Amino acid sequence: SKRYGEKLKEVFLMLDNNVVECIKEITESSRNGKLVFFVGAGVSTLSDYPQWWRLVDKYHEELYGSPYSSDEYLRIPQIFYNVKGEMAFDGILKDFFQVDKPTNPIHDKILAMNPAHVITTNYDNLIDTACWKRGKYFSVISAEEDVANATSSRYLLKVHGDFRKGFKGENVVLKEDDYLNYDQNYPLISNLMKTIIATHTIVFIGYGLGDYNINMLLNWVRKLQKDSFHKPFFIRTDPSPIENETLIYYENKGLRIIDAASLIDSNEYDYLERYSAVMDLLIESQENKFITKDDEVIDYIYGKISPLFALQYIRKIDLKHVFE
Amino acid sequence: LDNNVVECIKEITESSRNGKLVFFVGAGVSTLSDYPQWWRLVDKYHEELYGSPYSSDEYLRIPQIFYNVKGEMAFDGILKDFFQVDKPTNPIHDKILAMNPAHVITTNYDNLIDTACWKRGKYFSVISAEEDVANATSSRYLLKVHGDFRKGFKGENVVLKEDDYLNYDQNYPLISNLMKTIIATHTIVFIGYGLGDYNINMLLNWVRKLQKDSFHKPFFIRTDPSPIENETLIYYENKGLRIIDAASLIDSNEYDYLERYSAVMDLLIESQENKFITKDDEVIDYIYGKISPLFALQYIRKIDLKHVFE
Amino acid sequence: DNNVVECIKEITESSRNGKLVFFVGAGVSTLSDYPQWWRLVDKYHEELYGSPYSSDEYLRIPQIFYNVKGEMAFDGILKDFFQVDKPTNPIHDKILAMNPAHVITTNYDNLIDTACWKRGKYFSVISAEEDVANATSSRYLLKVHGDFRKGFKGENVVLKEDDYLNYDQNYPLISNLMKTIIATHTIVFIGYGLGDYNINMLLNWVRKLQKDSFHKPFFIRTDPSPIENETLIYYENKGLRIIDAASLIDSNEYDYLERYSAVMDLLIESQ
Amino acid sequence: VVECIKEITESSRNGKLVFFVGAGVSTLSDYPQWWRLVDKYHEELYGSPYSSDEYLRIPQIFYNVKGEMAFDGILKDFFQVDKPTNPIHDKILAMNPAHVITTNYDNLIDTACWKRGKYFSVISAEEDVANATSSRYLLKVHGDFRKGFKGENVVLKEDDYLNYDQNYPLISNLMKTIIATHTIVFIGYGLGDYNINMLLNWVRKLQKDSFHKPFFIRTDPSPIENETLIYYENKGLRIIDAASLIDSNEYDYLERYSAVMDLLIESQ
Ligand SMILES: NC(=O)c1ccc[n+]([C@@H]2O[C@H](COP(=O)([O-])OP(=O)(O)OC[C@H]3O[C@@H](n4cnc5c(N)ncnc54)[C@H](O)[C@@H]3O)[C@@H](O)[C@H]2O)c1
Ligand SMILES: NC(=O)c1ccc[n+]([C@@H]2O[C@H](COP(=O)([O-])OP(=O)(O)OC[C@H]3O[C@@H](n4cnc5c(N)ncnc54)[C@H](O)[C@@H]3O)[C@@H](O)[C@H]2O)c1
Ligand SMILES: NC(=O)c1ccc[n+]([C@@H]2O[C@H](COP(=O)([O-])OP(=O)(O)OC[C@H]3O[C@@H](n4cnc5c(N)ncnc54)[C@H](O)[C@@H]3O)[C@@H](O)[C@H]2O)c1
Ligand SMILES: NC(=O)c1ccc[n+]([C@@H]2O[C@H](COP(=O)([O-])OP(=O)(O)OC[C@H]3O[C@@H](n4cnc5c(N)ncnc54)[C@H](O)[C@@H]3O)[C@@H](O)[C@H]2O)c1
């Protein structure tokens, strides 16, 4: 623990200026309550939740008997649904996603950032349980109707649905038709997601850069007026570092990319190490662990105290809350 | 009043108490403060374009023709000289504010709602442009979907010409999405709008595409001089609107619009604290609504009960 | 003027070259004593409320009547108002004689159909999705808004507000054919007003085309008064080359047939 | 296959048969497959070398970072070649197509039509739609290099495909009209090709029986899987498989091309 903390401190000390600025911005958004987390399949896989390539390859085994491009990801489930029946599709869905898995530490770190909302394409309930444990209530929206009757100000928006109503394929977006008619089938959910993106600070965690949903979001963001939105933060946790060409392309596309592999060296299959590196960097920056010089000490104290310069006297009891 | 009107009042007041009431204020409320109606601008454009002096499509066409012909400078100058006039804030603006709306969406370019919010001591983050959406300093929005003249009395800051309406979804994606989200997640009351209004019917067309029971029917405060024909009410209520008719609300003249608006506004406000229970069944229903959640607890302190009943 | 004669010369060259298609509207059908649309709108309004129309009302009133009274009443009114033997007015004969490549008509009557049949000029009539795929002829008489060939019902026609709302979804093949014919031929807009809903929709579509990637359609404005200069320039920059019958000749308000006949026969002679 | 060849022969005799020539036919003429040029782009970006997304993205990434000049330079060095027209070109033209629609941006089909004596008003840009001087059309729906080997004249990157309708309204309208008014036979197209699937997505919007189901000539080595065949025939494509039509070698594609084309021609 102490060794890991010291190594994280050294990593922060040798961190690049752009990455430290990104960390500062994310921490400021968290302090302001305007931080939204967009969780992908990486966080779900961190809890060994069934991966989608597995589902697609069982579908392909049923279709052709021998067990995958990105287009295939949507075509194969569609071919199974059409050639086969919806009953077999739903049976596979239930047999595979009808499992109970723990909430890996990345869920805890995501919830510990105090995100205003947690958007996710994951049909699992890991994030819901994680927010239940922490005692903060998130109104879960996974169907069109759920949008209207939202109980709380904080949203847990599963943009692709989930299996709360049942392990049926009409509850989730998995096949090609679901994606083609998503705008027509999920008007309210899509509008809510876009509004949350526009009004909040979005951090993409668990997504590959070439993911379908990320590219769709960037396509939509292209339409927005220049400088009318804040560039979302993209936590990239792929094994190998990010190529400079891809990094520049996707940063010009509208992302501020924090590459986990570029901060901490780890084994090719040590995804949890990279997720933890990024999330722990953010959390410790939140937890004042990385402030060492007296200059940063004065800056932190001033940031906490200066607003109180407007008041004539501050109760000593209040000073406790002033310093959390 | 009629049972359906009382039900609309109850729903509106419950939403206002819960903080989930959004007010969609049209041009009628602004005109209530003598603000120049758009038809005045359209007639001025027609008089400048032709010898002298409008359909719904002409509303957008004549400004568009004047633009294309006489220049953005001329269009802008007409708008500036016609709109750069200070006006007072109506008692109906203050009634709307006193309803405690979560958000106030409006298709008005004036600051009358802005001035009323500033006077009433209500802090709303004003969203009149695309950049304002991300810069919203508060969680309650005063959303001018058609822009305004805060940046300047320019024709590019507001949606007046036909081209502006044609490319609205492309020029105001953030604002349009925000309006649709607020409509979906809130209780919407339309005031100052004609039932055949362009914006109202565009919103109804959008709602047509939603799921059958995935949204709450917006409340439409209709304040035209004559009572709504039963055929029109049937047509528009089947389209997702719950209409509170002011003409049916009270007897009034043909051109006393302030009284018609104030009837509905006051009837809503005074019902804010009204239990709306007269028979014993309603009283017992209200008491059960107050006391049933406490059935989970084994015992309730009597001194606590005062908070249960406010 | 140079403009009028040059436009008519262009029309005649299109006719001679064989790339001429006529977009026939409501005025041409109204000439031969055919109920104007606002007459049916007034009929629906009277049935709805008992007393008597903007562009939006044109669609909404039939839509309101269909929604409340029902589809059966809508179809009954349509039948009793449109089932009638009517004569092919001289403008039909003139347009046919101009040897159009195709006839694209927003009118749901059979007038142009009967004119073609009895005049010897054969067109494959396309008024429904099934027509486009299986049409014997290569030259189409395209009724974009359908007609009553199958039956006097509102489902075969585009009248209500919802019919115009879902036209692209409901008439993909017909709309594609119309736009292709507009792109690949010379369009003469006869029987339409400048502020027409259909004309403005077509101009909206044209606005999205590549700059000077098409030939501006010819708009025959057979209206009572002369066209205002500002309106004329506005609609000429919208991709329309307008030939006005209120400036070509002089007549009174009700001489609509005279305006049509003049603006058509003069072009015919110029060829 | 008998009914499909009967229908194709009927269309050819009547004159209402159109051919959709894909990249496969030009590849037959040793014209580089698209994935080869995608690998070329991927080599100058990351240094060392394919789904549809990457197909459209690698060119897009190179265009964005490297610039327009490098994109056009690679295009010029990659397409400044002359390739003989296959016997497949001649066989396809032997049916006297009403129109020929191809996504290939080469000039193989133009030269084949010239040599065989047929005349098609080749359309490859927007301004060519109005100026066409014939009812016969050769619709190059993805542009051409006739105006020069410039990136903006063709549709081969992600941005081009995304804004195709907004940039090719007339060409898209003409293609859809030709498909609706004719019977279409697809030749040299991947059964899972992006353009073919976009066409199928558009077709699923049309009302049932309002269009002739297009013929898809599949020339892959292995026979089309029964599940894939059933799915893509339900979608609206009548699939004729050359792999199952006659046994063939894996890398000998011309044999299946000729098998299908000559089985259609001899069926005349
Ligand atoms: N062709 C295919 O797409 C395919 C098919 C079957 C299996 N696989 C294998 O599955 C493995 C992982 O899933 P994927 O293929 O969808 O990755 P992916 O590259 O498609 O998804 C990448 C994103 O998901 C996260 N992620 C990926 N793998 C993870 C893992 N094992 N644990 C935790 N987070 C992970 C990463 O954070 C990354 O941002 C890969 O090694 C892949 O080779 C791939
Ligand atoms: N061409 C024109 O439309 C035109 C031009 C000049 C005058 N007028 C007449 O003057 C009045 C202008 O209003 P409109 O026709 O645009 O209404 P409208 O029907 O277009 O607007 C409807 C809404 O505006 C409100 N409203 C209407 N008139 C109002 C007024 N004078 N003061 C405050 N609120 C009002 C109503 O509450 C109603 O909900 C109308 O009575 C109209 O007949 C119309
Ligand atoms: N539409 C209405 O609500 C309304 C109200 C009063 C009068 N009118 C009548 O409408 C006619 C023209 O006005 P509009 O353009 O608004 O009508 P409209 O909506 O019928 O326009 C049809 C177009 O066709 C041509 N046309 C018009 N009347 C014709 C006729 N009798 N025969 C042949 N062609 C004709 C003109 O180009 C006209 O613009 C006049 O006869 C007028 O008496 C209509
Ligand atoms: N996940 C993936 O997508 C994946 C993975 C590994 C390999 N591959 C593919 O293996 C491919 C081998 O070729 P392919 O069959 O997939 O081609 P293809 O996918 O480009 O199919 C193109 C079409 O053109 C025709 N064609 C293909 N090759 C031809 C040739 N040499 N000559 C004439 N016509 C030809 C084919 O019959 C097919 O109709 C590579 O292009 C590569 O993309 C794909």
# chains A, B, ... in the order shown; residues from 1 in each chain; ligands from 1
>>> residues_near_ligand(ligand="ligand 3", cutoff="6 Å", atoms="only C-alpha atoms and all ligand atoms", output="PyMOL selection string")
chain C and resi 26-28+30-31+36+38+53+191-193+221-223+256
>>> residues_near_ligand(ligand="ligand 2", cutoff="6 Å", atoms="only C-alpha atoms and all ligand atoms", output="PDB file with N, CA and C atoms, in the first residue's frame")
ATOM      1  N   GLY B  28     -47.871  35.688 -26.284  1.00  0.00           N
ATOM      2  CA  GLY B  28     -49.046  36.345 -25.738  1.00  0.00           C
ATOM      3  C   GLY B  28     -48.766  37.036 -24.420  1.00  0.00           C
ATOM      4  N   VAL B  29     -47.999  36.386 -23.544  1.00  0.00           N
ATOM      5  CA  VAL B  29     -47.666  36.997 -22.262  1.00  0.00           C
ATOM      6  C   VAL B  29     -46.848  38.263 -22.472  1.00  0.00           C
ATOM      7  N   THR B  31     -46.859  40.204 -25.157  1.00  0.00           N
ATOM      8  CA  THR B  31     -47.762  41.216 -25.693  1.00  0.00           C
ATOM      9  C   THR B  31     -48.674  41.770 -24.610  1.00  0.00           C
ATOM     10  N   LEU B  32     -48.973  40.964 -23.590  1.00  0.00           N
ATOM     11  CA  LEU B  32     -49.762  41.453 -22.467  1.00  0.00           C
ATOM     12  C   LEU B  32     -49.129  42.687 -21.846  1.00  0.00           C
ATOM     13  N   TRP B  39     -46.768  40.291 -35.729  1.00  0.00           N
ATOM     14  CA  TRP B  39     -47.500  40.718 -36.913  1.00  0.00           C
ATOM     15  C   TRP B  39     -47.230  42.180 -37.231  1.00  0.00           C
ATOM     16  N   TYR B  54     -51.698  38.282 -41.226  1.00  0.00           N
ATOM     17  CA  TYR B  54     -50.779  37.574 -42.107  1.00  0.00           C
ATOM     18  C   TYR B  54     -50.800  36.078 -41.829  1.00  0.00           C
ATOM     19  N   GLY B 192     -49.685  31.912 -23.275  1.00  0.00           N
ATOM     20  CA  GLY B 192     -49.355  32.888 -24.290  1.00  0.00           C
ATOM     21  C   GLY B 192     -49.235  32.334 -25.689  1.00  0.00           C
ATOM     22  N   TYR B 193     -49.717  31.119 -25.927  1.00  0.00           N
ATOM     23  CA  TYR B 193     -49.620  30.462 -27.221  1.00  0.00           C
ATOM     24  C   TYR B 193     -51.009  30.224 -27.788  1.00  0.00           C
ATOM     25  N   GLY B 194     -51.151  30.419 -29.095  1.00  0.00           N
ATOM     26  CA  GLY B 194     -52.340  29.964 -29.777  1.00  0.00           C
ATOM     27  C   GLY B 194     -52.274  28.476 -30.060  1.00  0.00           C
ATOM     28  N   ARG B 222     -55.196  28.127 -22.578  1.00  0.00           N
ATOM     29  CA  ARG B 222     -55.752  28.799 -23.745  1.00  0.00           C
ATOM     30  C   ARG B 222     -56.533  30.023 -23.285  1.00  0.00           C
ATOM     31  N   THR B 223     -56.132  31.196 -23.764  1.00  0.00           N
ATOM     32  CA  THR B 223     -56.715  32.464 -23.347  1.00  0.00           C
ATOM     33  C   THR B 223     -57.220  33.261 -24.541  1.00  0.00           C
ATOM     34  N   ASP B 224     -57.868  32.592 -25.474  1.00  0.00           N
ATOM     35  CA  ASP B 224     -58.499  33.299 -26.573  1.00  0.00           C
ATOM     36  C   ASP B 224     -59.885  33.774 -26.166  1.00  0.00           C
ATOM     37  N   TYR B 257     -57.582  40.687 -22.620  1.00  0.00           N
ATOM     38  CA  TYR B 257     -56.758  39.492 -22.493  1.00  0.00           C
ATOM     39  C   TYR B 257     -56.109  39.380 -21.121  1.00  0.00           C
TER      40      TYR B 257
END
>>> select_by_dssp(residues="stretch 168-240 of chain B", states="strand (DSSP E)", output="list in words")
residues 187, 188, 189, 190, 191, 219, 220, 221 and 222 of chain B
>>> write_last_selection(atoms="N, CA and C atoms", output="CSV table (one decimal), in the first residue's frame")
chain,number,residue,atom,x,y,z
B,187,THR,N,-43.2,18.9,-15.9
B,187,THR,CA,-44.6,19.2,-16.2
B,187,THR,C,-44.7,20.5,-16.9
B,188,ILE,N,-45.2,20.6,-18.1
B,188,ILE,CA,-45.1,21.7,-19.0
B,188,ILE,C,-46.5,22.4,-19.0
B,189,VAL,N,-46.5,23.7,-18.8
B,189,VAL,CA,-47.7,24.5,-18.9
B,189,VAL,C,-47.5,25.6,-20.0
B,190,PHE,N,-48.3,25.6,-21.0
B,190,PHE,CA,-48.2,26.5,-22.1
B,190,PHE,C,-49.1,27.7,-21.9
B,191,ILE,N,-48.5,28.9,-21.9
B,191,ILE,CA,-49.2,30.1,-21.7
B,191,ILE,C,-48.7,31.2,-22.7
B,219,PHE,N,-49.8,20.8,-20.2
B,219,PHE,CA,-51.0,21.7,-19.9
B,219,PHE,C,-50.9,22.9,-20.8
B,220,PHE,N,-52.0,23.2,-21.5
B,220,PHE,CA,-52.1,24.4,-22.4
B,220,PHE,C,-53.1,25.4,-21.9
B,221,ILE,N,-52.6,26.5,-21.4
B,221,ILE,CA,-53.5,27.6,-20.9
B,221,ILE,C,-54.0,28.4,-22.1
B,222,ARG,N,-55.2,28.1,-22.6
B,222,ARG,CA,-55.8,28.8,-23.7
B,222,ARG,C,-56.5,30.0,-23.3
>>> residues_near_ligand(ligand="ligand 4", cutoff="9 Å", atoms="only C-alpha atoms and all ligand atoms", output="VMD selection string")
(chain A and resid 68 to 72) or (chain D and resid 22 to 30 33 to 36 50 to 52 187 to 193 217 to 221 251 to 254 256 to 257)
>>> write_last_selection(atoms="N, CA, C and O atoms", output="compact mmCIF listing (two decimals), in the first residue's frame")
# COMPACT_ATOMS: atom_id res chain seq x y z
N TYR A 68 -13.95 -11.40 -34.96
CA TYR A 68 -15.25 -10.72 -35.03
C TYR A 68 -15.08 -9.23 -35.24
O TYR A 68 -14.71 -8.49 -34.33
N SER A 69 -15.37 -8.78 -36.46
CA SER A 69 -15.26 -7.37 -36.78
C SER A 69 -16.28 -6.56 -35.97
O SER A 69 -17.10 -7.11 -35.23
N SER A 70 -16.20 -5.24 -36.11
CA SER A 70 -17.16 -4.38 -35.43
C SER A 70 -18.53 -4.46 -36.09
O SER A 70 -19.56 -4.49 -35.40
N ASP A 71 -18.57 -4.48 -37.42
CA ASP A 71 -19.85 -4.66 -38.11
C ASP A 71 -20.45 -6.02 -37.81
O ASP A 71 -21.67 -6.15 -37.65
N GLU A 72 -19.61 -7.06 -37.73
CA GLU A 72 -20.10 -8.37 -37.33
C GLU A 72 -20.73 -8.33 -35.95
O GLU A 72 -21.70 -9.05 -35.70
N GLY D 22 -19.23 -3.90 -58.51
CA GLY D 22 -18.50 -3.56 -57.31
C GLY D 22 -17.00 -3.50 -57.53
O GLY D 22 -16.50 -3.52 -58.66
N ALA D 23 -16.28 -3.42 -56.42
CA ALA D 23 -14.82 -3.42 -56.48
C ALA D 23 -14.27 -4.77 -56.92
O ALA D 23 -13.12 -4.84 -57.36
N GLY D 24 -15.06 -5.84 -56.82
CA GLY D 24 -14.57 -7.15 -57.21
C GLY D 24 -14.21 -7.24 -58.68
O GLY D 24 -13.20 -7.84 -59.04
N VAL D 25 -15.03 -6.64 -59.54
CA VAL D 25 -14.78 -6.72 -60.98
C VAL D 25 -13.48 -6.01 -61.33
O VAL D 25 -12.65 -6.52 -62.08
N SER D 26 -13.29 -4.80 -60.79
CA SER D 26 -12.05 -4.08 -61.06
C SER D 26 -10.85 -4.79 -60.44
O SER D 26 -9.76 -4.77 -61.01
N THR D 27 -11.04 -5.42 -59.28
CA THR D 27 -9.99 -6.25 -58.71
C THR D 27 -9.63 -7.39 -59.65
O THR D 27 -8.47 -7.80 -59.74
N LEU D 28 -10.63 -7.92 -60.36
CA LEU D 28 -10.36 -8.93 -61.38
C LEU D 28 -9.32 -8.43 -62.38
O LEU D 28 -8.48 -9.21 -62.86
N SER D 29 -9.35 -7.14 -62.70
CA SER D 29 -8.42 -6.54 -63.64
C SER D 29 -7.13 -6.09 -62.97
O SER D 29 -6.41 -5.26 -63.53
N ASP D 30 -6.85 -6.64 -61.80
CA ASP D 30 -5.70 -6.30 -60.97
C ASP D 30 -5.75 -4.87 -60.45
O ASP D 30 -4.75 -4.37 -59.93
N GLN D 33 -7.48 -3.77 -54.67
CA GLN D 33 -8.61 -3.79 -53.75
C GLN D 33 -8.49 -2.63 -52.77
O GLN D 33 -7.39 -2.13 -52.49
N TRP D 34 -9.63 -2.18 -52.25
CA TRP D 34 -9.59 -1.03 -51.35
C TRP D 34 -8.75 -1.33 -50.12
O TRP D 34 -7.98 -0.47 -49.67
N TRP D 35 -8.87 -2.53 -49.56
CA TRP D 35 -8.12 -2.84 -48.34
C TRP D 35 -6.62 -2.73 -48.57
O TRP D 35 -5.88 -2.43 -47.63
N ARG D 36 -6.15 -2.93 -49.80
CA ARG D 36 -4.74 -2.71 -50.08
C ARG D 36 -4.36 -1.25 -49.87
O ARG D 36 -3.33 -0.94 -49.25
N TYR D 50 -9.69 -6.04 -41.50
CA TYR D 50 -10.04 -4.66 -41.80
C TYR D 50 -11.54 -4.48 -41.90
O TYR D 50 -12.14 -4.72 -42.95
N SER D 51 -12.15 -4.04 -40.81
CA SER D 51 -13.59 -3.82 -40.77
C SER D 51 -13.96 -2.57 -41.56
O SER D 51 -13.11 -1.79 -41.98
N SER D 52 -15.27 -2.39 -41.77
CA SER D 52 -15.75 -1.21 -42.48
C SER D 52 -15.34 0.06 -41.76
O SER D 52 -14.92 1.04 -42.40
N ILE D 187 -22.95 -7.55 -59.02
CA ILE D 187 -21.82 -8.34 -59.47
C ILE D 187 -20.56 -7.78 -58.83
O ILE D 187 -20.35 -6.57 -58.81
N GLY D 188 -19.72 -8.67 -58.30
CA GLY D 188 -18.47 -8.23 -57.69
C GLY D 188 -18.65 -7.38 -56.46
O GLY D 188 -17.94 -6.38 -56.28
N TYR D 189 -19.59 -7.74 -55.59
CA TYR D 189 -19.84 -7.04 -54.34
C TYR D 189 -19.83 -8.03 -53.20
O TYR D 189 -20.38 -9.13 -53.31
N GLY D 190 -19.19 -7.65 -52.09
CA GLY D 190 -19.23 -8.48 -50.90
C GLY D 190 -20.64 -8.57 -50.36
O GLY D 190 -21.32 -7.55 -50.20
N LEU D 191 -21.09 -9.79 -50.06
CA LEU D 191 -22.42 -9.96 -49.49
C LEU D 191 -22.58 -9.21 -48.17
O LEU D 191 -23.71 -8.89 -47.78
N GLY D 192 -21.48 -8.93 -47.48
CA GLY D 192 -21.51 -8.10 -46.29
C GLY D 192 -20.91 -6.73 -46.55
O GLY D 192 -20.45 -6.07 -45.62
N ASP D 193 -20.92 -6.30 -47.80
CA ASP D 193 -20.34 -5.02 -48.16
C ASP D 193 -21.13 -3.87 -47.53
O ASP D 193 -22.34 -3.97 -47.32
N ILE D 217 -24.97 -11.68 -57.17
CA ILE D 217 -24.10 -12.72 -57.69
C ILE D 217 -22.93 -12.87 -56.71
O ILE D 217 -21.98 -12.09 -56.75
N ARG D 218 -23.01 -13.87 -55.84
CA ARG D 218 -21.96 -14.11 -54.86
C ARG D 218 -20.91 -15.02 -55.47
O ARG D 218 -21.22 -16.11 -55.95
N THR D 219 -19.66 -14.56 -55.47
CA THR D 219 -18.56 -15.27 -56.10
C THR D 219 -17.45 -15.61 -55.11
O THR D 219 -16.28 -15.71 -55.49
N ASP D 220 -17.80 -15.78 -53.84
CA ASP D 220 -16.82 -16.20 -52.86
C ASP D 220 -16.44 -17.66 -53.09
O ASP D 220 -17.20 -18.42 -53.69
N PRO D 221 -15.27 -18.07 -52.62
CA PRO D 221 -14.84 -19.46 -52.84
C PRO D 221 -15.78 -20.47 -52.21
O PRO D 221 -16.30 -21.36 -52.89
N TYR D 251 -8.40 -19.18 -55.00
CA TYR D 251 -7.89 -17.93 -55.56
C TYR D 251 -8.28 -17.73 -57.02
O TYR D 251 -7.86 -16.74 -57.62
N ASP D 252 -9.06 -18.64 -57.60
CA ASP D 252 -9.54 -18.49 -58.97
C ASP D 252 -10.96 -17.95 -58.92
O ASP D 252 -11.94 -18.70 -58.85
N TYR D 253 -11.07 -16.63 -58.93
CA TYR D 253 -12.38 -15.98 -58.87
C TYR D 253 -12.95 -15.74 -60.26
O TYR D 253 -14.18 -15.78 -60.44
N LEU D 254 -12.09 -15.47 -61.25
CA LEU D 254 -12.57 -15.27 -62.61
C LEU D 254 -13.39 -16.45 -63.09
O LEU D 254 -14.32 -16.28 -63.88
N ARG D 256 -15.52 -18.32 -61.38
CA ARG D 256 -16.89 -18.19 -60.91
C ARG D 256 -17.58 -16.97 -61.53
O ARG D 256 -18.77 -17.03 -61.86
N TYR D 257 -16.85 -15.87 -61.68
CA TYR D 257 -17.40 -14.72 -62.39
C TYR D 257 -17.92 -15.14 -63.76
O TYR D 257 -19.08 -14.87 -64.12
>>> residues_around(residues="residue D:94", least_positions_apart="2", cutoff="10 Å", atoms="only C-alpha atoms", output="list in words")
residues 12, 88, 89, 90, 91, 92, 96, 97, 116, 118, 261, 262 and 265 of chain D
>>> residues_near_ligand(ligand="ligand 1", cutoff="6 Å", atoms="only C-alpha atoms and all ligand atoms", output="number ranges by chain")
A: 41-42, 45-46, 53, 68-69, 206-208, 236-238, 271
>>> write_last_selection(atoms="C-alpha atoms", output="compact mmCIF listing (two decimals), in the first residue's frame")
# COMPACT_ATOMS: atom_id res chain seq x y z
CA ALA A 41 -17.69 -2.36 -21.24
CA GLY A 42 -14.24 -2.14 -19.66
CA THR A 45 -15.35 -6.66 -17.73
CA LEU A 46 -13.28 -5.69 -14.69
CA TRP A 53 -17.39 -11.09 -28.24
CA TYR A 68 -15.25 -10.72 -35.03
CA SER A 69 -15.26 -7.37 -36.78
CA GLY A 206 -14.11 1.56 -20.30
CA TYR A 207 -14.33 2.46 -24.00
CA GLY A 208 -12.02 1.81 -26.90
CA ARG A 236 -7.99 5.06 -22.47
CA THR A 237 -6.92 1.80 -20.80
CA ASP A 238 -5.78 -0.30 -23.74
CA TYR A 271 -6.15 -3.85 -17.45
>>> closest_atom_pairs(of="chain C", to="chain D", cutoff="10 Å", atoms="only C-alpha atoms", output="Markdown table")
| residue | atom | partner | partner_atom | distance |
| --- | --- | --- | --- | --- |
| C:17 | CA | D:133 | CA | 9.8 |
| C:19 | CA | D:133 | CA | 9.4 |
| C:128 | CA | D:210 | CA | 9.2 |
| C:129 | CA | D:210 | CA | 5.8 |
| C:130 | CA | D:210 | CA | 4.8 |
| C:131 | CA | D:210 | CA | 7.8 |
| C:132 | CA | D:181 | CA | 6.3 |
| C:133 | CA | D:211 | CA | 5.1 |
| C:134 | CA | D:181 | CA | 7.5 |
| C:135 | CA | D:181 | CA | 8.1 |
| C:138 | CA | D:181 | CA | 9.2 |
| C:169 | CA | D:205 | CA | 7.6 |
| C:170 | CA | D:206 | CA | 8.3 |
| C:171 | CA | D:206 | CA | 8.4 |
| C:172 | CA | D:206 | CA | 6.8 |
| C:173 | CA | D:180 | CA | 7.0 |
| C:174 | CA | D:177 | CA | 9.1 |
| C:175 | CA | D:173 | CA | 9.3 |
| C:176 | CA | D:173 | CA | 5.8 |
| C:177 | CA | D:177 | CA | 5.7 |
| C:178 | CA | D:177 | CA | 9.2 |
| C:179 | CA | D:173 | CA | 7.0 |
| C:180 | CA | D:174 | CA | 5.7 |
| C:181 | CA | D:174 | CA | 9.0 |
| C:182 | CA | D:130 | CA | 9.4 |
| C:183 | CA | D:130 | CA | 6.1 |
| C:184 | CA | D:130 | CA | 5.4 |
| C:185 | CA | D:130 | CA | 7.6 |
| C:186 | CA | D:130 | CA | 9.6 |
| C:205 | CA | D:169 | CA | 9.6 |
| C:206 | CA | D:169 | CA | 9.9 |
| C:208 | CA | D:166 | CA | 7.5 |
| C:209 | CA | D:169 | CA | 6.6 |
| C:210 | CA | D:126 | CA | 7.0 |
| C:211 | CA | D:127 | CA | 9.2 |
| C:212 | CA | D:127 | CA | 7.9 |
| C:213 | CA | D:127 | CA | 4.8 |
| C:214 | CA | D:130 | CA | 5.7 |
| C:215 | CA | D:130 | CA | 7.3 |
>>> interface_residues(of="chain A", to="chain B", cutoff="12 Å", atoms="only C-alpha atoms", output="ChimeraX atom specification")
/A:32-34,116,141,143-153,155,183-202,220-231
>>> residues_around(residues="residue B:119", least_positions_apart="5", cutoff="10 Å", atoms="only C-alpha atoms", output="compact mmCIF listing (two decimals) with N, CA, C and O atoms, in the first residue's frame")
# COMPACT_ATOMS: atom_id res chain seq x y z
N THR B 89 -43.06 44.81 -16.72
CA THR B 89 -43.32 43.40 -16.48
C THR B 89 -44.75 43.24 -15.96
O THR B 89 -45.16 43.93 -15.02
N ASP B 94 -45.17 37.88 -12.92
CA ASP B 94 -44.98 37.65 -11.49
C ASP B 94 -45.79 36.46 -11.00
O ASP B 94 -45.34 35.73 -10.12
N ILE B 113 -39.45 38.52 -19.14
CA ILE B 113 -39.31 37.42 -18.19
C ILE B 113 -37.99 37.55 -17.44
O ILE B 113 -37.92 37.28 -16.23
N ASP B 114 -36.93 37.97 -18.13
CA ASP B 114 -35.66 38.21 -17.45
C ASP B 114 -35.81 39.29 -16.38
O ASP B 114 -35.33 39.14 -15.26
>>> atom_distance(atom1="atom CA of residue A:291", atom2="atom CA of residue A:22")
16.2 Å
